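As structure tokens, the structure follows; a few thoughts come after it.
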Amino acid sequence: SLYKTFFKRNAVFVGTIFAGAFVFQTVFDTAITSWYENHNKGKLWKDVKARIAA
Amino acid sequence: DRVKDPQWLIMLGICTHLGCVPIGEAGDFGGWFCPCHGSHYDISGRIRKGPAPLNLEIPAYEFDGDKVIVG
Amino acid sequence: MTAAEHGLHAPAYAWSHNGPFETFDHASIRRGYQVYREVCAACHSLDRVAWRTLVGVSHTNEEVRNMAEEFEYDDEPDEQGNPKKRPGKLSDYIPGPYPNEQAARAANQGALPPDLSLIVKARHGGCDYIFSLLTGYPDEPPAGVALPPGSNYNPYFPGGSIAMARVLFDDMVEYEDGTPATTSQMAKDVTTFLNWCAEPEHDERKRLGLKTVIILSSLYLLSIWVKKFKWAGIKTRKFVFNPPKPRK
Amino acid sequence: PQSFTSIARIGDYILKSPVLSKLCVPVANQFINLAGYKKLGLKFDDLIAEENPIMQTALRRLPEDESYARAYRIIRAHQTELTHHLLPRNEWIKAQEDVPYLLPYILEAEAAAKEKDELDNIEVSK
Amino acid sequence: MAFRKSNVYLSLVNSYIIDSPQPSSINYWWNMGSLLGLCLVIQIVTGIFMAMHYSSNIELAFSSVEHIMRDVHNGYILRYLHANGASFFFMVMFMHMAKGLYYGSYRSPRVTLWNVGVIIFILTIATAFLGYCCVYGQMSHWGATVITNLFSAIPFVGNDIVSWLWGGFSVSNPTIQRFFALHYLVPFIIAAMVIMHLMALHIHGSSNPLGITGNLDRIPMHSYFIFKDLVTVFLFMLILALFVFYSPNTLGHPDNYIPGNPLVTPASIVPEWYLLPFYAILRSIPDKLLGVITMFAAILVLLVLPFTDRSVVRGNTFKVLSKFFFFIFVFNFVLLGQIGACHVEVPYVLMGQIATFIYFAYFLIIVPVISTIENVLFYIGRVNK
Amino acid sequence: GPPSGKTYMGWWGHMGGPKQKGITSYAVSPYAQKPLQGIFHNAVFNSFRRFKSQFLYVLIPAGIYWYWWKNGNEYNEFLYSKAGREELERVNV
Amino acid sequence: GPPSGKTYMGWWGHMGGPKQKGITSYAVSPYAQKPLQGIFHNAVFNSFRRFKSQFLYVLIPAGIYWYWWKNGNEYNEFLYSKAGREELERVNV
Ligand SMILES: CCCCCCCCCCCCCCCCCC(=O)OC[C@H](COP(=O)(O)OCCN)OC(=O)CCCCCCCCCCCCC
Ligand code: HEC
Ligand code: HEC
Ligand code: HEC
Ligand SMILES: COc1c(O)c(C)c(C/C=C(\C)CC/C=C(\C)CC/C=C(/C)CC/C=C(\C)CC/C=C(\C)CCC=C(C)C)c(O)c1OC
Ligand SMILES: CCCCCCCCCCCCCCC(=O)O[C@H](COC(=O)CCCCCCCCCCCC)COP(=O)(O)O
Ligand SMILES: CCCCCCCCCCCCCCCCCC(=O)O[C@H](COC(=O)CCCCCC)COP(=O)(O)OCCN
Ligand SMILES: CCCCCCCCCCCCCC(=O)O[C@H](COC(=O)CCCCCCCCCCC)COP(=O)(O)O
Ligand code: FES
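Next comes the structure, spelled out in structure tokens:
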């Protein structure tokens, strides 16, 4: 009954779904971009731009 | 049976085996040589050696004086 | 066909952009463009690669602008209808060395050099085929092969007889970063550059693939849970049958 | 579309011959217990497709208690196939219980439809 | 009554996808129909959003496809979804037709459903061929040439039919433009045939994997088969996302990135991967006219199927020999595809002829003989005399 | 609307099966039911049962056609080599 | 199929009108009937009746709007001429 009033109305249920999906899109985009850049360090173009200093 | 004028050879380039393009002034027979599978072509457009089953087709062309219409 | 008409099978070289997470080596793309411009671009067009795609990928903004302003393109004509030229800009395409097909076939003994915008995606084997093609010329053909004059041998080309010359020799170019520019180094660099030219979306394609595979795997497992949940009233359903009174 | 009179004629020709029966009745019941319709709790007359009007007639012909038993065997087969299990070995249909119970109703409907078609296409004895 | 039952529009939505009585024993093979519907919606939506950037001239087709893959935002997603989804569309359709052959869904009272299915199959092959010719690569041009010369095999009329198809004298600008118009058109005919297919299904309901009636224990469509189809929808999107994003050009042929050149013939002209059994059937016959007739007869022999299945039980579930020869047939169809992918060489000609004969023998000799033997074996196994 | 023909599926209430009597159902709510209690021991032993009863009908046709494809492909790459070129000459003509 | 709601049109047999009794029909076959016997005298007098009862409801709105359009168009081609250019100056500003 502690969480069921948080699930009782369907309005607050789908509001929770949309708020969490907004937060999930932002966080998941930032995290996958950071991991995909970290896994390929030394190969992306900002690395070569930092190395080629001329 | 292939030319109306023995002075001139006008033949189609659609080869009978695969449609390849023989090389002009090449081969061992004085005519043409298919580079795909060695269909040796004579000076009149016939298969001698190679997997080409038939001879080269002559298009329809008629004389009009100082030219020839092709079709 | 024999193995000669089919061509020898290019082996599995371990590229730095194979695998579902590795991206291109952009320094290798920069050096591949340098080897392209100083070796290939005498005889190969690159008609589908605009200048703006190199900005932020293999060169900076001013580098692409000062490489494009060395070339002349067709401007709109002046106030008397006379045709005039202009220096290049970022929106134009990389020009070929030959104005038409017949000049190409004239300058290359009849053979037409194919446009290299999609050549690593239009050959079976791909990267391995292009690398083995470049570094695969023997010093002399095997005994018993009569080459037509003006043609060259390497076993990776289908048929054995290619109309290209061996155009990768030791240290014919100098690299900007001081990398030792042997034949295999330059061939690896141009094959990476041509992989970029055929697939400029490759980096973003793999990261959006990572996002999509993660989200769809999570959705697939969640949907397995919800199917096992909403069918639980029907999987566990039981039936007993006592046969009815036969008088009715 | 086998027309049960025909399969009954072939089967009776096999059974009445001693050599053919001794040859292919072990093959027959080996085929039956490799078919595995027993293991779902079914009989073979529960398995004949019933979406043609002659078999629909032969199901109207059937007595009540056998109809309720057939309905229970169908529902337990659907439930067991739904759970992707098999019925336990005590609940399998045994060899003696696999009785051709619906075969005579089907055969009399076959003879009735055959006789109706023949009499619908007769000549006259001139 | 309820609003989903009393409204005119929502009554169809009700009686098709909400309260439709489905047999409660059907497994995941009764899900390929919903999967084909989803994949058809994928093909149509990507086709519209990719045909907003496509110019169908013969001098501007391949350049416009590369304009889609390079300049259009997310255009590589569109083209890769589109081509690989057409491959998955034929793979799910092959699995759906194999579900039809295995469980006996072709038998009475579902002959109309099977015939409308074969019509959908022919229209889908036509759509895929036209859209593959719209790329105008090397394989596109030469495949269009070979198929229309096969139409020139027709006696006394055929050359004028082919000059009508080409709109000229070879595969040229009017050919590619009319292939794009027809290729835009025929999927809506496929959608209409799908609606007719659903009607012919709905008048008797689905089958079940046992081959007995399902009128006793029906469960509704809603939430049960809705979430079961949602499971396979997410699996299908997962595998499609793999073959789009990580390995897009696997199923295609690499010669299709060479522009269309009428002068250079390729070393090996091969269609896209799923038309290869039919191409092998046609290539196995040493005649042009009999080859074309045999290629169309290889689809009409699916229409002659409900009249040869003389088994009195529905479906191959509880039959041994029919199940074995079914998998003989399936791996024979795969062997037809692999024969067709090869060259015209010894011994692939002889194996192509034997494989075509085993295809037609399964549809015409093996099924009635094995079904008759299985009927008599079921009878004498349990009847004692 | 017009009437239609006799179908073999009715609707909820008049579905068209045989009349049934004395057959009772028992089902429990899935909220009081634990889902996926039968994944472990199930995906091992039931999956091995479903494989054992059903694999050989798939494995014998795959074996036959894969062996026949492999023998044909081996004979191909034999007779287009140097060793079997005279055999290629006599079977291609 | 499912049942549907109450409509206001049934079908042949249960159409949904009121019950009717003692109302008899009489019709003759058109093979024994001469068609277009009623075109002459009909297309004159009945057409004049159908015009007389029904024209004025069309003719008064057409008259009003055509007169209003004609007066507006005449005032347009007045004030864009030389005679009404000062009036165009004072009504355009
Ligand atoms: C022109 C006409 C087109 C014709 C298309 C011909 C087929 C094209 C290829 C499509 C492949 C799809 C095959 C699916 C076979 C039908 C589905 C099926 O039969 O599965 C059920 C089967 C037996 O299950 P039961 O229902 O009998 O369960 C009894 C419970 N007591 O379970 C089994 O026996 C095992 C199922 C294993 C499926 C494996 C799929 C094999 C795919 C071959 C690919 C080959 C790649 C090398
Ligand atoms: C405009 C609507 C449109 C619809 C609807 C459509 N397509 Fe396509 N399709 C295209 C276009 C445009 C192309 C060519 C561009 C391309 O290939 O990327 C194409 C190309 C194709 C190709 C070749 C892909 C390639 O690049 O090799 C195939 C295969 C194909 N379609 C199959 C189908 C099938 C199967 C369906 C539906 C049953 C379908 N298409 C529906 C527009 C459509
Ligand atoms: C000597 C002139 C010449 C130069 C220099 C040259 N090419 Fe070529 N190249 C050709 C010709 C001609 C062909 C096509 C020959 C043929 O088809 O037989 C060709 C074909 C190719 C092919 C594909 C060959 C095939 O069979 O598909 C590749 C790849 C290629 N060149 C890469 C390069 C690269 C990379 C460079 C620079 C590093 C380069 N070429 C420089 C003339 C040249
Ligand atoms: C030629 C065979 C065939 C083709 C092709 C075919 N269908 Fe079916 N379809 C069937 C059969 C048979 C059934 C009935 C299944 C059964 O036996 O119970 C069916 C049933 C269905 C069903 C009901 C769900 C199901 O799995 O039975 C849907 C939905 C469906 N088809 C959609 C399609 C769509 C969409 C296409 C292509 C656009 C298509 N079908 C093509 C034969 C076919
Ligand atoms: C036997 O039990 C059943 C069953 O009875 C049914 C019905 C189904 C369900 C069947 C289906 C869902 C198949 C239905 C498929 C269709 C009706 C095909 C229709 C497809 C379309 C794509 C409709 C056409 C719509 C468009 C083309 C609109 C697209 C327009 C766009 C994108 C415009 C974009 C432009 C702008 C400016 C936004 C089952 O799956 C099933 O098994 C469980
Ligand atoms: C025309 C295209 C055909 C594609 C075939 C798709 C077949 C499956 C469709 C699934 C629809 C799910 C609706 C279920 C529902 O509303 O139940 C509703 C509520 O259920 C839910 O909220 C489900 C959670 C949300 C799932 C969203 C899935 C969207 C992804 C769809 C991807 C394919 C388009 C009724 O559920 P209840 O009766 O048990 O209370
Ligand atoms: C070839 C077939 C193609 C597919 C067509 C058949 C399938 C159609 C499925 C449509 C599903 C969505 C329709 C739901 C809309 C229900 C609203 C409704 O019916 O209320 C309608 C009014 O609808 C409208 O005003 C416009 C509806 C246009 C629909 C445009 C999509 C009122 O209906 P009713 O008379 O029962 O209400 C009485 C009040 N108590
Ligand atoms: C209109 C039918 C389209 C169906 C597409 C299904 C094919 C699967 C591949 C989808 C990849 C394309 C999307 C993408 O690139 O997103 C990528 C992320 O991946 C996904 O989230 C895809 C999940 C698919 C869920 C499907 C939900 C159903 C929606 C029905 C339509 C309202 C890119 O994300 P981003 O642009 O960064 O926001
Ligand atoms: S084209 Fe290959 S032999 Fe003439």
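Residue numbers (the numbering used here), protein chains in the order written: chain A, -11 to 42; chain B, 358 to 428; chain C, 138 to 385; chain D, 110 to 235; chain E, 19 to 403; chain F, 8 to 100; chain G, 8 to 100.
Backbone N, C-alpha and C define an ideal beta-carbon position, used for all residues, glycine too.
Per the C-alpha coordinates, the member of E:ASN167, E:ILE137, E:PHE396 and E:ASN233 positioned closest to E:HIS215 is E:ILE137. Between D:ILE183 and E:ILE230, the C-beta spacing is below 7 Å. Relative to E:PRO272, the option among C:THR272, C:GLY262 and C:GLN246 whose CA is nearest is C:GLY262. Using a Cβ-Cβ cut-off of 9 Å, D:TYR177 is close to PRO25, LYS26, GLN27, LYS28, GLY29 and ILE30 of chain F, given in chain order.
In this structure, E:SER42 is the residue among E:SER42, E:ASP305 and E:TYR124 with its C-alpha nearest to the C-alpha of E:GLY232. Contact annotation: in the stretch 150 to 175 of chain C, no residue has its CB less than 9 Å from a CB in chain D. By the neighbour-count criterion, in which 16 or more other beta carbons inside 10 Å mark a residue as buried, F:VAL35 falls on the exposed side.
C:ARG167 sits away from C:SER254, with the two beta carbons spaced by 7 Å or more.
Residue C:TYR274 holds the alpha-carbon nearest to the alpha-carbon of C:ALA300 among C:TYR274, C:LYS365 and C:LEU345. Put simply, the residues with a CB less than 5 Å from any heavy atom of ligand 7 are E:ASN25, E:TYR27 and E:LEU30, in chain order.
For E:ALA209, no CB of chain C lies under 7 Å from its own CB, so it is not counted at the interface with that chain. C:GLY156 is positioned such that its CB atom lies no closer than 7 Å to that of E:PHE263. In the DSSP assignment, F:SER32 falls outside any alpha helix (DSSP H) and within the unbroken beta strand (DSSP E) covering 30 to 33. The three-state reading of DSSP puts B:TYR398 in strand, counting E and B together. Where B:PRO379 is concerned, there is no enclosing alpha helix (DSSP H), because DSSP gives it neither an H nor an E. For D:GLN111, the secondary structure class from DSSP, reduced to helix, strand or coil, is coil. Contact between D:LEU228 and D:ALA186 does not hold, since the beta-carbon distance rounds to 40 Å and is not under 8 Å. Counting along the chain, the unbroken alpha helix (DSSP H) around G:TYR82 starts and ends at 63 to 86. The DSSP-derived three-state label of C:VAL377 is strand.
Among the residues facing chain F, G:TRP18 is included, as its CB has a counterpart in that chain under 7 Å away. For A:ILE20, at least one C-beta of chain C is nearer than 7 Å to its own C-beta.
Apart from sequence neighbours up to five positions away, the residues of its chain that approach F:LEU95 with a beta-carbon distance below 8 Å are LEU86 and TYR87, ordered along the chain. Taking each of F:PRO9, F:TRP75 and F:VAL98 in turn and checking the Cα distance to G:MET16, the smallest one comes out for F:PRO9.
Taking C-beta separations shorter than 8 Å and ignoring five residues to either side along the sequence, the partners of B:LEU369 in its chain run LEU413, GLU414, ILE415 and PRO416, following chain order.
Any Cβ of chain A closer than 7 Å to the Cβ of C:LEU284 would place that residue at the interface, and such an atom is absent.
Taking a Cβ-Cβ cut-off of 8 Å, the neighbours of E:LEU253 in chain C comprise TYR357, given in sequence order. If you check the CB distance, E:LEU248 and C:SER182 do not come in under 7 Å.
In the displayed model, C:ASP211 falls within a strand according to three-state DSSP.
Uninterrupted alpha helix (DSSP H) stretches at least 4 residues long and entirely within the stretch 326 to 362 of chain C do not occur. Taking a Cβ-Cβ cut-off of 7 Å, the neighbours of F:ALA69 in chain E comprise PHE349, given in sequence order. Listed along chain E are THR283, each with a C-beta nearer than 8 Å to that of B:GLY376.
E:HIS85 is the residue among E:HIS85, E:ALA171 and E:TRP291 whose C-alpha sits nearest the C-alpha of C:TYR230. Between the alpha carbons of C:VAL194 and E:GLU77 lies a gap of roughly 30 Å. For E:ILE44, there is no enclosing alpha helix (DSSP H), as DSSP marks it with neither H nor E. Taking 9 Å as the cut-off between beta carbons, the residues of the stretch 52 to 64 of chain F near chain D are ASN53, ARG56, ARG57 and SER60, in sequence order.
Per DSSP, D:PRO127 lies in no beta strand (DSSP E); the unbroken alpha helix (DSSP H) holding it starts and ends at 127 to 144.
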